[PDB]
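Report on the following structure.
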Amino acid sequence: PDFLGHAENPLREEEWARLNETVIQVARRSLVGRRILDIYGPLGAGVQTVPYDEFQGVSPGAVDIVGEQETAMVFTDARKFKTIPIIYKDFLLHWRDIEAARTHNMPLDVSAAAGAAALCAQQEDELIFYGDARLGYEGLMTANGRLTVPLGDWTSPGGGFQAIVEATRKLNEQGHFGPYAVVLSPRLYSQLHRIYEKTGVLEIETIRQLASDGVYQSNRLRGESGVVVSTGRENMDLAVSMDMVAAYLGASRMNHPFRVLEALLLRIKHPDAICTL
Amino acid sequence: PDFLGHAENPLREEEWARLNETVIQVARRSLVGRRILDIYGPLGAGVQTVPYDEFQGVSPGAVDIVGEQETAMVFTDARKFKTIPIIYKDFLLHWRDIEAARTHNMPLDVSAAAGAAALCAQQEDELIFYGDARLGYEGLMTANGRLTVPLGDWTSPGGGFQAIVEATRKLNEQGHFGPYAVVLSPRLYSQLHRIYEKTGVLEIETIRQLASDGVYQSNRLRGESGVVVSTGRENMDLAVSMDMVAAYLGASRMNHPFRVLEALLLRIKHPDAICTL
Amino acid sequence: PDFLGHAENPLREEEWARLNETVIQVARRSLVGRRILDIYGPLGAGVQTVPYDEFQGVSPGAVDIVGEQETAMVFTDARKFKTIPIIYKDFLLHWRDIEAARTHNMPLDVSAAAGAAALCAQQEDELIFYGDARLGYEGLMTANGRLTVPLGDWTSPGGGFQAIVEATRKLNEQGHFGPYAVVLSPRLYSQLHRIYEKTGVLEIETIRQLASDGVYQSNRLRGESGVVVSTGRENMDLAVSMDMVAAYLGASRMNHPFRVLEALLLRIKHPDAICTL
Amino acid sequence: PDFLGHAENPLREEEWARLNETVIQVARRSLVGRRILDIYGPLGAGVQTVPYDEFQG
Amino acid sequence: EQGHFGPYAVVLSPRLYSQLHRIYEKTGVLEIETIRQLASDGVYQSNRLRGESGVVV
Numbered sequence: 004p005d006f007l008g009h010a011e012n013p014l015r016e017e018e019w020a021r022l023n024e025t026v027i028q029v030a031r032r033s034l035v036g037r038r039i040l041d042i043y044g045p046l047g048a049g050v051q052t053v054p055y056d057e058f059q060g061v062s063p064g065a066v067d068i069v070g071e072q073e074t075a076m077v078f079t080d081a082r083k084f085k086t087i088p089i090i091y092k093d094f095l096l097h098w099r100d101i102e103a104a105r106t107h108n109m110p111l112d113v114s115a116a117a118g119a120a121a122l123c124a125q126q127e128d129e130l131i132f133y134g135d136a137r138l139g140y141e142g143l144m145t146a147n148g149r150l151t152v153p154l155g156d157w158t159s160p161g162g163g164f165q166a167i168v169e170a171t172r173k174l175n176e177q178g179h180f181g182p183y184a185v186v187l188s189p190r191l192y193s194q195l196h197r198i199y200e201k202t203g204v205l206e207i208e209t210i211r212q213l214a215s216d217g218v219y220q221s222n223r224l225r226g227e228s229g230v231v232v233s234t235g236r237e238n239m240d241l242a243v244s245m246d247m248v249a250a251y252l253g254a255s256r257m258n259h260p261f262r263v264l265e266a267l268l269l270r271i272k273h274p275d276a277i278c279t280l
Numbered sequence: 004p005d006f007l008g009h010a011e012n013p014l015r016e017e018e019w020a021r022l023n024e025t026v027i028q029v030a031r032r033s034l035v036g037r038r039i040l041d042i043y044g045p046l047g048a049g050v051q052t053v054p055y056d057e058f059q060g061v062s063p064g065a066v067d068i069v070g071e072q073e074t075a076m077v078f079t080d081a082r083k084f085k086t087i088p089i090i091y092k093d094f095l096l097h098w099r100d101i102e103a104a105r106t107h108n109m110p111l112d113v114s115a116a117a118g119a120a121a122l123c124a125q126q127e128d129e130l131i132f133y134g135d136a137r138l139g140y141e142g143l144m145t146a147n148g149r150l151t152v153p154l155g156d157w158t159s160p161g162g163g164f165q166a167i168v169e170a171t172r173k174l175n176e177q178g179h180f181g182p183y184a185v186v187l188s189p190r191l192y193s194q195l196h197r198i199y200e201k202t203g204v205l206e207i208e209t210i211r212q213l214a215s216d217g218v219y220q221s222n223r224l225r226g227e228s229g230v231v232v233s234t235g236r237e238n239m240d241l242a243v244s245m246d247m248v249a250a251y252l253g254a255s256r257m258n259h260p261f262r263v264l265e266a267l268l269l270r271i272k273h274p275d276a277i278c279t280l
Numbered sequence: 004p005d006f007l008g009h010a011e012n013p014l015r016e017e018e019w020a021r022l023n024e025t026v027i028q029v030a031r032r033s034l035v036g037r038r039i040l041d042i043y044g045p046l047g048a049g050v051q052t053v054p055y056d057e058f059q060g061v062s063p064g065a066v067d068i069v070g071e072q073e074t075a076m077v078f079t080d081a082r083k084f085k086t087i088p089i090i091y092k093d094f095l096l097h098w099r100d101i102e103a104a105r106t107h108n109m110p111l112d113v114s115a116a117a118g119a120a121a122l123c124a125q126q127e128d129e130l131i132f133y134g135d136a137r138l139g140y141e142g143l144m145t146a147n148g149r150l151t152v153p154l155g156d157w158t159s160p161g162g163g164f165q166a167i168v169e170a171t172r173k174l175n176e177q178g179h180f181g182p183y184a185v186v187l188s189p190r191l192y193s194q195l196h197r198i199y200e201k202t203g204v205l206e207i208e209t210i211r212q213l214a215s216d217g218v219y220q221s222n223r224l225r226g227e228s229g230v231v232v233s234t235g236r237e238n239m240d241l242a243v244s245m246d247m248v249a250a251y252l253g254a255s256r257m258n259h260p261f262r263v264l265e266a267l268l269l270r271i272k273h274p275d276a277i278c279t280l
Numbered sequence: 033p034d035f036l037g038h039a040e041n042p043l044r045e046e047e048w049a050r051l052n053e054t055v056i057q058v059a060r061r062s063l064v065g066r067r068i069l070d071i072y073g074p075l076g077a078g079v080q081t082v083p084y085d086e087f088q089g
Numbered sequence: 032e033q034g035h036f037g038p039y040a041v042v043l044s045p046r047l048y049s050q051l052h053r054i055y056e057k058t059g060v061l062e063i064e065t066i067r068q069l070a071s072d073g074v075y076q077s078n079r080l081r082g083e084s085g086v087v088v
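Going line by line, the protein sequences match chains A, B, C, D and E. Position 165 of the first sequence, counted from 1, bears residue number 168 in this note's numbering, the numbering being contiguous throughout. Position 78 of the second sequence, counted from 1, bears residue number 81 in this note's numbering, the numbering being contiguous throughout. Position 50 of the third sequence, counted from 1, bears residue number 53 in this note's numbering, the numbering being contiguous throughout. Position 2 of the fourth sequence, counted from 1, bears residue number 34 in this note's numbering, the numbering being contiguous throughout. Position 57 of the fifth sequence, counted from 1, bears residue number 88 in this note's numbering, the numbering being contiguous throughout.
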């Protein structure tokens with residue numbers, strides 16, 4: 004077992020069960036992008052592909068008995084699924100370590116495992132909020148349908164407010180409404196949280212009651228925030244192939260390399276819910 | 004049993020079970036440093052040693068299929084574990100006492116037991132927040148990686164705010180983010196809680212919504228506070244060998260000496276999350 | 004067929020048994036530092052750590068019966084155990100040959116293995132006799148408590164007699180005495196191989212009868228230096244975690260790489276027993 | 033429960049046997065004054081007193 | 032210096048060996064015992080080596 008190899012999953016079932024638990028704990032807490040959108044069902048590793056395009060658009064029904072049509076409801080003119088990514092951040096455990104834990108010490112050191120997961124899940128959000136274009140994907144800086152609201156006009160004192168109202172109005176128009184979520188760069192959040200004159204009241208209290216879903220801060224959004232959405236289903240979906248898991252590079256040098264595998268793809272099924280600054 | 008000795012654990016199982024319960028109750032409520040950092044697993048008394056150094060540093064992944072490397076993820080250049088401390092505050096119970104309780108009175112007097120635990124757990128925090136250098140340890144006044152923010156500029160009225168924003172900014176930069184916790188000396192806390200002009204609003208309300216984890220007060224931090232951290236795992240870990248327990252000096256003079264044994268060591272796995280005034 | 008691969012154990016149980024036998028044989032012949040100090044017990048690779056310090060240290064007291072008064076001895080002082088190194092010398096076995104040995108030839112050759120182990124164990128001794136600034140060690144040149152004698156090993160016929168005699172003087176005087184062992188540079192040994200001396204017999208007879216545990220030659224010691232110690236245990240211990248073994252790197256581009264793994268750490272628990280030139 | 037010490041004889045019979053053996057090893061090696069005079073026989077802790085003493089002829 | 036050390040063997044032309052066998056070394060006793068201890072694997076004589084040369088390995 005020191006010798007070595009192969010396929011021991013060099014841990015044991017107990018340490019192995021822990022390794023999974025530690026990774027999913029730290030990852031789920033450091034993911035800010037799974038809280039703004041309710042997740043899709045796990046698709047398994049069998050699928051390479053996530054369903055793609057909808058909406059456009061909006062006509063309603065009265066009615067009584069017969070006499071109601073558009074609809075179809077189409078299902079929108081376009082295919083096929085652009086393959087769900089594989090993103091990973093790897094880690095190794097050292098020579099003795101684990102096997103030192105199988106002789107004397109009952110605790111297994113997860114120090115690198117969770118640390119990688121926190122870093123990996125982080126960039127996962129970078130994949131979502133930014134554009135990508137490497138693999139030629141969407142997210143929202145690129146979704147269009149924004150009618151390019153300038154938002155902003157957030158300088159100094161006086162508030163600090165008007166942007167989100169401009170957003171709700173524009174969001175409301177065109178026929179898409181729901182409970183709204185707002186994402187900001189930390190730098191704006193503080194700049195609006197401040198310079199109570201001081202007369203004074205707070206920025207957080209006014210936005211959080213207006214948004215009515217919540218307000219979130221991501222480190223990965225572009226310095227000039229930001230994006231407002233509508234949490235409603237069949238608008239955006241976070242399509243998850245595999246969750247956070249522990250995987251093995253499997254052998255390197257008298258060591259063990261691990262990776263954390265996350266396949267998440269976010270698809271825009273309704274790009275009218277998106278507005279940037 | 005009056006006579007005496009030895010190894011009676013001179014209490015009985017019922018009184019003994021209580022003694023444990025009383026100690027852990029008062030200790031857990033008076034410990035402010037286990038609430039700012041999620042605990043490690045108990046390592047048992049078998050181990051003398053706590054794992055030591057990580058991070059430095061931060062590079063992300065895209066990706067698709069093959070083609071993603073740094074990583075390793077190293078596991079950082081340095082060993083070995085600097086032995087987890089034994090800290091204790093002792094107490095005695097008197098001559099008759101306990102045995103008076105085994106004849107007539109059903110309640111056992113825990114007055115000294117819990118009192119010692121409250122005092123012992125207190126200094127335990129002193130071990131954590133200050134430097135030590137007796138046993139040559141870390142904690143945060145000594146962690147470095149602060150880029151020495153001056154923080155402060157907290158005098159008078161007007162707020163009262165800017166320090167924590169300077170902190171979040173600097174914290175945010177360099178590539179480490181999370182939910183943040185803020186620790187202060189009681190003296191600052193009141194000085195900022197006050198001198199609403201009065202126009203007026205509160206200090207507590209603005210910081211507590213910004214920190215987004217919580218704000219805590221310790222009596223043991225240096226008079227000029229303070230330290231801001233990131234609660235995220237694989238950043239700091241409170242490594243617990245043994246919890247709070249009742250132990251016996253075992254015999255002294257027609258009495259019984261007790262001690263409360265606590266072995267807690269806090270390791271800094273990511274000293275970029277630390278900023279002092 | 005072969006197949007190809009990555010399931011081995013490139014050998015079979017017999018050849019594998021051979022390689023192990025060959026390596027420890029040649030390594031043991033090339034190890035001069037395990038013959039001057041009796042080994043510690045095997046701790047397995049399970050332990051990462053070997054206990055480090057004693058003495059220094061105080062002599063006095065007795066009166067009659069109670070106290071008057073001491074000590075509490077020592078401990079002495081601080082910890083932890085400086086992790087036992089894992090040293091390696093690597094070699095590859097080349098492609099097909101092994102599988103030619105699976106049918107065609109009965110003898111499997113050693114491209115390196117006996118040679119690498121010979122190279123590795125030797126370098127291990129260089130680790131033992133010299134110090135290492137690299138990771139935290141005690142050599143036999145850095146331990147202090149050396150009271151360096153004005154060398155010895157002259158040209159003139161008395162020569163090394165006076166030297167080892169002077170060594171025993173101060174060694175004994177420091178308040179530490181026992182059976183002695185002497186280690187010399189080969190060049191010193193030949194210049195000290197006498198010629199003639201006292202007219203009864205030669206130098207080997209006088210030194211071997213004086214130190215009286217043995218006389219040894221190492222090539223890894225400094226050419227000018229030579230060292231005297233006391234073989235008695237609980238003074239020095241040669242701490243061996245894992246012995247010398249053949250280990251597997253695994254499948255590579257195409258090759259079978261091996262390494263020889265040796266973990267040896269020497270601790271000086273009473274550094275009054277060391278004397279240099 | 034456990035955590036040992038009052039204690040008992042906190043070593044065990046094997047470990048205890050070692051400690052005794054080690055002591056006589058290092059002590060007999062470090063005693064130079066029992067080699068120049070043949071020792072008296074052990075009397076046990078029962079005696080407080082060692083036979084004595086004459087001279088001059 | 033080349034970074035190669037080990038147990039040494041010395042091979043000489045027979046003509047060298049006797050010239051070296053030799054006398055007392057004035058310190059001194061024989062060449063054989065002093066060399067045999069330096070190379071310390073052995074000292075050997077072959078006739079087929081060149082007369083002036085000799086080699087250590």
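The beta carbon of each residue, even a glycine, is placed where N, CA and C say it ideally should be.
Give a yes or no on whether the minimum CB-CB distance between residue i and chain C is below 8 Å.
| i | result |
| --- | --- |
| D:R67 | no |
| B:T52 | yes |
| E:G59 | yes |
| A:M257 | yes |
| D:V55 | no |
| D:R44 | no |
| D:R61 | yes |
| E:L69 | yes |
I need the DSSP call for residue i, collapsed to helix, strand or coil.
| i | result |
| --- | --- |
| E:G85 | strand |
| B:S215 | strand |
| B:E73 | coil |
| B:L187 | strand |
| B:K92 | strand |
| C:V29 | helix |
| E:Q76 | strand |
| E:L51 | coil |
Name, please, each residue of chain C whose Cβ falls closer than 7 Å to the Cβ of residue i.
| i | result |
| --- | --- |
| B:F84 | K83 |
Please classify residue i: is it buried, with 16 or more other beta-carbons within 10 angstroms of its beta-carbon, or exposed?
| i | result |
| --- | --- |
| D:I68 | exposed |
| E:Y55 | exposed |
| B:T52 | buried |
| B:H9 | exposed |
Taking 8 Å as the CB-CB cut-off, is residue i touching chain D?
| i | result |
| --- | --- |
| B:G47 | no |
| B:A119 | no |
| C:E227 | no |
Would you please verify whether the beta carbon of residue i is less than 8 Å from any beta carbon of chain A?
| i | result |
| --- | --- |
| B:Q177 | no |
List the residues of chain D that residue i touches, going by C-beta distances under 8 Å, in chain order.
| i | result |
| --- | --- |
| B:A250 | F35 |
Using a C-beta cutoff of 8 Å, does residue i count as contacting chain B?
| i | result |
| --- | --- |
| residue 281 of chain A | Since the first and last residues shown for chain A are 4 and 280, residue 281 of chain A lies out of range. |
Taking Cβ-Cβ distances shorter than 9 Å, what residues in chain D pair up with residue i?
| i | result |
| --- | --- |
| B:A10 | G37, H38, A39 and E40 |
Residues of chain A with a CB under 7 Å from the CB of residue i: which are they?
| i | result |
| --- | --- |
| B:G148 | Neighbours of B:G148 on chain A: none; closest Cβ ~16 Å, over 7 Å. |
**OP:** Counting only runs of 3+ residues fully inside the segment 252–280 of chain C, write out the beta strand (DSSP E) ranges in chain order.
**Re:** 259–265 and 267–271
Subject >> Entirely enclosed alpha helix (DSSP H) segments - the segment 109–149 of chain A, minimum 4 residues >> reply: 114–132
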